[PDB]
2 protein chains.
Amino acid sequence: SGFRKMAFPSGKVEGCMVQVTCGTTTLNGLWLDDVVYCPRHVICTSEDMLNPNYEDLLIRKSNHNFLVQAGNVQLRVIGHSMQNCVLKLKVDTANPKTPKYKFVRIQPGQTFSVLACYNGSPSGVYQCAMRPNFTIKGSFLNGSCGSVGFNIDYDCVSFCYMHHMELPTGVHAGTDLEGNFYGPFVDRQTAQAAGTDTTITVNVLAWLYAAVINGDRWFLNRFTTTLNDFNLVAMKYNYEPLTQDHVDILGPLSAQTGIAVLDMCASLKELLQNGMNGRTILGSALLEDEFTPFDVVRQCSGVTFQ
Amino acid sequence: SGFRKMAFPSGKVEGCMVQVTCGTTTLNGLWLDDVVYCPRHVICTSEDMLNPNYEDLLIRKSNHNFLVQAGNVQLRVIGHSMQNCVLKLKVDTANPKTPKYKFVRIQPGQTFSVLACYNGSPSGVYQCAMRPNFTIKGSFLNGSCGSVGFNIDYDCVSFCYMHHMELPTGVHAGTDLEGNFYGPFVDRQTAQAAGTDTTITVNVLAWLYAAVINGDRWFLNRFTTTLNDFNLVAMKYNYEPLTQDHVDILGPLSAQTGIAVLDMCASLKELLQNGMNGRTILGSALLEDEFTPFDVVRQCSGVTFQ
Ligand SMILES: Clc1cccc(Cl)c1N=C1NCCN1
Ligand SMILES: Clc1cccc(Cl)c1N=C1NCCN1
C-alpha cells in the first residue's frame, strides 16, 4: 500500500555520467560505449548564446579542446561531430559500465526519471513528465545541462531526454538523444515562451484509479458520462481531450478496480466542477497528472529491474 | 530553477541489495562487507505473525536454511545472529560493491531516500520523511520488506531505515539498521495504531524559503510574529512547536533570502488561518513538510556525490 512519486533506480545511468569541459564551460555528458553525448552549447560562452552559429563556432574546435573526465579519469577524444543540437565525442575507451540501452523520442504525457548532475556527478533523482507544451518542470541549476531523462524496462535503459535550456519562466527544455528539441525550442537565449500547460487527462484518471486501489475513494460518485460530454468539461479546464485510445489504455485499471472508465471520468468531472473542498487524494490537494497508466500498474504491481 | 521532491542517486545502494529466503518467505536484505541484514520476520510464516516468539522460531534455523542470492549468484551463509528485530547473516564473501557507509538512527522530521525492492531487485526510489509519530508514508507491497532508507553525504551512505511492517491504516513502520523500531511499533500483526500525524513545522518553513528562491512569493505578507505567538497557532493546527534550535537552523536560508525567520513564520500563520484560496506554492496546493532545511540548501546549491 501507499503510492509515491517514484523514479527508476538510477545506478545504471550514474555509471554513464561524465564531465565535459570546452574552454570556460563545463556541463555533463553521457558516456555510452565509445561515444560521449552532450549539448552542443558547451562550445559557447555566455555571450555567444544570444545568436550562436554553431557550425562556425565548431570550426575553431579540435578533439583536444573537449576535456572529458569520468570520475578522476581522463578519456581520450579521438573524434567529434554535431548531430542536430548534441555533440557526439568519440573516445578511445568504451564505457565498461554501459547498460543495455535505447534512444527513444517520447510523446507528451509520457513520464520519465531525471538524474540531475553537476560536473559529471549525480546529485539527485526525480520523476518528470513531458508536458503537452513540450517543456518539463524540473530542478536544474547552472551546470546541470547534459543531465538525462530515462525509463528502464527490465534491463534496458531507454534514454529520452537531455537537458539544455531554462526558459525565463522557470520551466525547462531539451532534446532527445539525437539532439532534436522537444517542442519548438532552440538553444539560443532568446524570446521563447511556453504555450498552455494543459493537464494530462489520461494520467489524472490513472492516478484516481491508483487512489481507489489504496483506499482513497471519497471522490467516487453515483454518476457516469460520455467521452463527448466529458471533453466539453475537459476543454473548459484546459485538460487534454480524452480519446478512445486513452480509454483503452485504462482498461486494465478499469478491470482490476471494477470501475468503468467513463464512471471514473464522471468523478473527475465533479472534481473539476466542485473542487476538492479542502480534502486530499493520495496526500495531494490537486489532481496529479505525472503518473501514466503504466506507471500506476507498475507501482501497484511491484515490477523490478535487471 | 525549479524545486522537486528529489531522492539521492541510488546506485550505491542498488549494489547492496540481495534476496533472502527462509522457508516459504522471501524479502530483501542489505549486503555490506560480509554481513547481510534483513528483518527477522523472514523466519515467520503468515500464521506465525500474530504472536511470534522469535527466539524459539530461530532455534529451528541453521545457516543453510537462509538462502541468500545476489543477482543470479548464491552467497554462502557461515553464521547468523539476531540483533533486536534484524538478522545479521554472515556470508563468506564480502560485497565487492560495498560503499563507504554508516548506520544512523534519525530523528522525526529528518528526510531520507528509499529504494523499494522486491526479490532483491530495485523497483524504484523516492524521498520520505520520518513522521513525528514515527511512521513513514511509503510505497511498499508484499515482498518489499528489507528495503532500506538512506542519506548520502559526499561518498558515504548513512543507512537509517529498514522496512518491516504496514499498519492497518496504510502507513509504514520499520527499524534502524541495528534493528530497533522507530516509535512504539513491533513486528507482530496486532493492534498498533499511529498517533497524531503532526506537521513538521521547520520543514514547511524551509520549503517556503525554497519557494521564494524560485519566484513563488504571493504568500509573503506585511506581518511578523513571535515564537510564542506562532506556536499558539501551530498547536491549533497540529504543527510541531517551533524552537530556537529550529530558528537557528533556518538561519542560512534567512540570510540568503533576506527574510527573517519570524516574518516567514507570520506568512505561514496566515496560510494556516486563511488557506491558500485555490492558489499553489511550488506546484503544491498544500504545505509540504518533507523537505528539511539542509535539503533545501542542498538542492538550491547543487551539491553532488562521490
Ligand atoms: Cl558493445 C559496443 C557497441 C558500440 C561500440 C562499442 Cl566500443 C562497444 N563496446 C563496449 N561497450 C561497453 C563496453 N565495451
Ligand atoms: Cl572493509 C571490511 C570490513 C569488515 C568486513 C569485511 Cl569482510 C571487509 N572487507 C570488504 N568489504 C568490501 C569488499 N571487501
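Residues numbered from 1 in each chain as written, not as in the entry; some residues may be left out. Chains lettered and ligands numbered in written order. Heavy atoms only, no water.

Enquirer: Would you mind showing me how to read the interface of chain B and chain A here?
Expert: One frequently used descriptor of interface size is the decrease in accessible area upon assembly of the parts. Contacts between chain B and chain A engage 42 residues on the former and 42 residues on the latter. Buried surface at the junction of chain B and chain A, summed over both partners, amounts to about 3100 Å²; 52% is from carbon and sulfur atoms. Interface area lost by chain B to chain A is led by B:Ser1, B:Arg4 and B:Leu141, which between them contribute 22%. Inspection of the chain B/chain A interface yields two salt bridges. Between B:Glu290 and A:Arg4 there is a salt bridge, and its shortest N-O distance comes to 2.8 Å. Broken down by secondary-structure element, the contributors of at least two residues to the side of chain B that touches chain A are α1 (11-14), β9 (111-118), β10 (121-129) and α8 (293-301) of chain B. It is β10(B) that provides the largest number of residues to the side of chain B that touches chain A, a total of eight residues. (Contact = heavy atoms within 4.5 Å. Buried area = accessible area lost by both parts, 1.4 Å probe. Salt bridge = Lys/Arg side-chain N within 4 Å of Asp/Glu carboxyl O. Helix = DSSP H or I, 4+ residues; strand = E, 2+ residues; numbered from the N terminus.)

Enquirer: Whenever I open this one, the site of ligand 2 confuses me. Can you help?
Expert: Residues and elements named next belong to chain B. Around ligand 2, the neighbouring residues are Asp33, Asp34, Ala94, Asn95 and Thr98. Contact with the protein chains removes 43% of the 370 Å² of surface that ligand 2 exposes when unbound. Residue composition of the shell around ligand 2, by class: one nonpolar, two polar and two charged. (Near = heavy atom within 4 Å. Areas by Shrake-Rupley, 256 points an atom, 1.4 Å probe, with all protein chains shown as cover. Nonpolar A, V, L, I, M, F, W, Y, C, P; charged D, E, K, R; others polar.)

Enquirer: Could you clarify how one ought to interpret the packing of aromatic side chains in this entry?
Expert: Any pair of aromatic rings gets described here by the distance separating the centres and the angle formed by the planes. One pass over the full model with this rule turns up 20 aromatic pairs over all chains. Both rings, one in B:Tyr161 and one in B:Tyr182, keep their centres 6.4 Å apart while their planes meet at 20°; by these two values the pair is stacked. Here B:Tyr161 is found in strand β12 (residues 156-166), whereas its partner B:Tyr182 is found in the loop between β13 (172-175) and α3 (201-213), with 21 residues between them in sequence. The exposure class of B:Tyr161 is buried, given its relative accessible area of 1%. By relative accessible area, B:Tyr182 is classed as buried at 1%. Grouping aromatic residues by their ring pairs yields a cluster made of A:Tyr37, A:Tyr101, A:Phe103 and A:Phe159. Sitting over the face of the ring of B:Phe291, B:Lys5 holds its NZ or CZ atom 5.3 Å from the ring centroid. (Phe/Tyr/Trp six-rings, centres within 6.5 Å; stacked < 30°, edge-to-face > 60°. Buried < 20%, exposed > 50% of the residue type's maximum accessible area, 1.4 Å probe, protein only. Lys NZ or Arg CZ within 6 Å of the ring centre and 35° of its normal.)

Enquirer: Before we go on, may I ask you to explain helix α4 (residues 227-236) of chain B in this structure?
Expert: All names here are of chain B. By the burial criterion, the buried members of α4 are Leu227, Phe230, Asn231, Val233 and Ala234. Projected down its long axis, α4 carries its buried residues within an arc of 160°, all on one side. In α4, the exposed positions angled more than 90 degrees off the buried face are occupied by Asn228, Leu232, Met235 and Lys236. For α4, the elements touching its buried residues are α3, α5 (244-249) and α7 (261-274). Positioned one or two residues after α4, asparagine 238 has a phi angle of 55°, which is positive. (Arc of directions from axis to C-beta.)

Enquirer: What should I look at first to understand the pattern of salt bridges in this one?
Expert: Any two side chains of opposite charge can pair, on the condition that their charged atoms come close. Per the counting criterion, the structure on display carries 24 salt bridges over all chains. A:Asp295 is the partner of A:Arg298 in a salt bridge, and the nearest nitrogen-oxygen pair spans 2.9 Å. One end of the pair, A:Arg298, and the other, A:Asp295, are both in helix α8 (residues 293-301), three residues apart, so they sit about a helical turn from each other. The class of A:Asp295 is buried, set by a relative accessible area of 7%. Each of the salt bridges in this network shares a partner with another, and the network as a whole consists of A:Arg4, B:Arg131, B:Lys137, B:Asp197, B:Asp289 and B:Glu290.

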